[PDB]
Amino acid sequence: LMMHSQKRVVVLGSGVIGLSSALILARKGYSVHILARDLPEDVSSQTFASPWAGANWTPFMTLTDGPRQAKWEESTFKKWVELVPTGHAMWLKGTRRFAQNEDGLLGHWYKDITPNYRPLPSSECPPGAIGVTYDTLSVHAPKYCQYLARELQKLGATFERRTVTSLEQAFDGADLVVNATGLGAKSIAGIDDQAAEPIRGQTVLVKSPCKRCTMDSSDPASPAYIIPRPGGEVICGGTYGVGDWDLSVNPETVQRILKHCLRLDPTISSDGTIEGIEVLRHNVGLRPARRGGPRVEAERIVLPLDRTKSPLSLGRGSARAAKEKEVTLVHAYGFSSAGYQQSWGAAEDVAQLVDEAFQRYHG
C-alpha cells in the first residue's frame, strides 16, 4: 500500500508551450505525462512549429492590443536573462528594429526591459523608415526545447508519442489535460477550433559569425530579419503567409530574403555578396496562430463526447449514452509568431489555471 500522487496531469503537445507548461507544473509537484506526435528530438519535422523559430524576443503588439502578450513577454525576458550564464540564451546587443512609421514601434512599451533602448538616426535606417536599437535575447529553438525536456526528465515527467483524434484519448490517467497542440486543435474532436490557422514562415539558415540582429518591418512587400542564435549561425527571414499551409521551399523567396538581408547587414556573407553567403539549410515552418489571439483558459467538459459536442466525434452520431465523467481542459495554443518569447509567462498562467482547477474540481 503506497501513497500515490493525487496530482496527475497530462500535457498534450511537446512544443515550447507544452514543454514550458509541463516544466512549471512539474516544479509545482504535479506528476506530468506528455503525450505528443512531435517531440524535441524531431528537429526537422514540419508538423509542428517549434523547431523552426529564431528564436528572439521581439514584441509585436501595443499594450492595449496585447496585454497578455506583454505580460508573458516581460516574464519570459526575465527567465532568459537567467539562462545566459549557462549558454541557453544569448544577448543580441545593439539589435536594430525598423518600422514604416511611429505607430509600428508599438508605443515603445518594452523600453524598460531591453537594455539600452533608444531611437536610431535616419542615417542608420532604410530610406524612409524609422528605427530603434536595444539589447534583446535569443535562444536556439530546437536546443532550448531539448533543454526543457532534460529539465522535465529530472523532475520526473515522462513522454509518449501519440497522435490524438478525440479528447478522451488524452484523458488517460489524468482528469486534467493541458491542450498545447498548436494547429492540431482544429482537428481534435472535442476541441474543433476553426479559428486556428497557420502563418507560414520560410527562412535560410546561414553559417556566419554575425552577432548583430536586425528586424525590418519597414517594407510591407518584403518582411526581413537576421537573427543570430547560440552556435555560430544566423536565421535569415522571412515570410508571414496567413492561412498558407505550403511546406515547400519557394526559390524566388530565397532570393528575396537573401538580397534584403544583405542590404541590412553585409557581414552575413564572407565577402558581402549573395554568393558569399554560406547556406546551411532552407526551412519552412507553419506558425500555429488563431483568429482572436492565443487561447489560455480552462474549460470543463463531459466525456464521452457526442456528435452534438463535436462534428468529428467518433462512432455513430446516434449515441449520447456511455459512462460519463467531467474533466478539465486547459487550453494553451495559438501563439503565432511569439510562442518562444511568450512561453514562460504563458506557462505561468497555465499553471495558475491548473492550481485553481485542482482546488475547485479535483479535490
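Throughout, we count residues from 1 along the sequence that is shown.
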### Query
For the stretches 335 to 343 and 351 to 359, which has the higher mean C-alpha B-factor as given in the deposited record?
351 to 359
#### Entry: 125 to 133 versus 283 to 291 - which carries the larger mean C-alpha B factor in the record
125 to 133
## Note on the structure
The largest CA temperature factor among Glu326, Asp42, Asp65, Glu297 is found at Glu326
### Query
In the PDB entry, which of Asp246, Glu74, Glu275, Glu197 has its C-alpha at the highest B-factor?
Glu275
### Task
Place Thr181 in the lowest, middle or highest third of its chain's C-alpha B-factors, as listed in the PDB entry.
lowest
#### Entry: Record-listed C-alpha B factor of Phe171: chain third
highest
### Message
Which third, lowest, middle or highest, does the C-alpha temperature factor of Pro119 belong to within its own chain?
### Response
highest
### Task
Determine, from the deposited record, the chain-internal third of the Cα B-factor for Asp103: lowest, middle or highest.
highest
## Note on the structure
Binned into thirds over the chain's modelled residues, the C-alpha B-factor of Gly54 lands in the middle
